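Q: experimental structure below, sequence on top.
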Amino acid sequence: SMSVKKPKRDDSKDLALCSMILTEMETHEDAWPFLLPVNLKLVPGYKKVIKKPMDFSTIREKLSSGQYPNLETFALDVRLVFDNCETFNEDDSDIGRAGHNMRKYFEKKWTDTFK
């Protein structure tokens, strides 16, 4: 509350550390469904169904331009990529499997770097 604060957690390296995670997600062999925005002209149904599209290149641009206020808003966009994927793709598809694989990969790096 006013003039009552928990001890200050050091967030000075968060930007660099999120950038490292994102580089590792970009270079994963199963990243290909997620590298670029889904083409809303060429994929019927995507625009109407997926209210907030997100992909690794859009996260990269937001990160590089100071559009994440803190490390939690970064994680929320990474999770959105995978949540969108599950909304539009069957679990038993190459893309559906890729999304589960990458969500796991992310959640481990997140826990090991920050928790």
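A: Cool, the structure landed. Residues are numbered from 1 along each chain as shown.
Q: what's the next secondary structure element after the helix or strand where residue 58 lies?
A: Secondary structure from DSSP states H and E places residue 58 in helix 56-64. Under the assignment DSSP H and E, the closest C-terminal helix or strand after helix 56-64 is helix 71-88.
Q: show me the contact partners of the helix or strand following that next one.
A: Scanning forward in sequence from helix 71-88 by DSSP H and E, the next helix or strand is helix 94-114. Applying CB atoms under 8 Å, 6 or more residues apart in numbering, the external contacts of helix 94-114 come out as 17, 20-21, 24-25, 28, 30-34, 71, 75, 78-79, 81-82, 85-86, 89-91. C-betas here are computed from N, CA, C, even on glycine.
Q: stretch 66-75 too?
A: Contacts to stretch 66-75, defined as CB under 8 Å, 6+ apart, come from residues 11, 14, 17, 18, 59, 62, 63, 77, 110, 114.
Q: can I get those in TSV including neighbour count?
A: As requested, the contacts of stretch 66-75 are exported to TSV (neighbours: other CB atoms under 10 Å):
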residue	neighbour count
11	10
14	17
17	16
18	22
59	22
62	15
63	16
77	19
110	17
114	14
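Q: ok, and what's touching the helix holding residue 58?
A: Applying CB under 8 Å, 6+ apart, the set of residues contacting helix 56-64 from outside is 15, 18-19, 22, 25-26, 31, 34-37, 68, 74, 77-78, 81.
Q: can you select the buried ones among the residues you listed for me in ChimeraX?
A: Selecting only the buried entries of these in ChimeraX, with 16 or more other CB atoms under 10 Å as the criterion:
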select :18,22,25,31,34,68,74,77,78,81
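Q: residue 7: which of the contacts of helix 56-64 is nearest?
A: For those, the closest approach to residue 7 (CB to CB) belongs to residue 15, at 21.2 Å.
Q: quick one: residues contacting that closest one.
A: Residue 15 sits next to residue 63 when contact means CB under 8 Å, 6+ apart.
Q: that one: which element?
A: Using DSSP H and E, the secondary-structure element containing residue 15 is helix 14-27.
Q: repeat that for residue 48.
A: Mapping residue 48 onto the secondary structure by DSSP H and E places it in helix 46-49.
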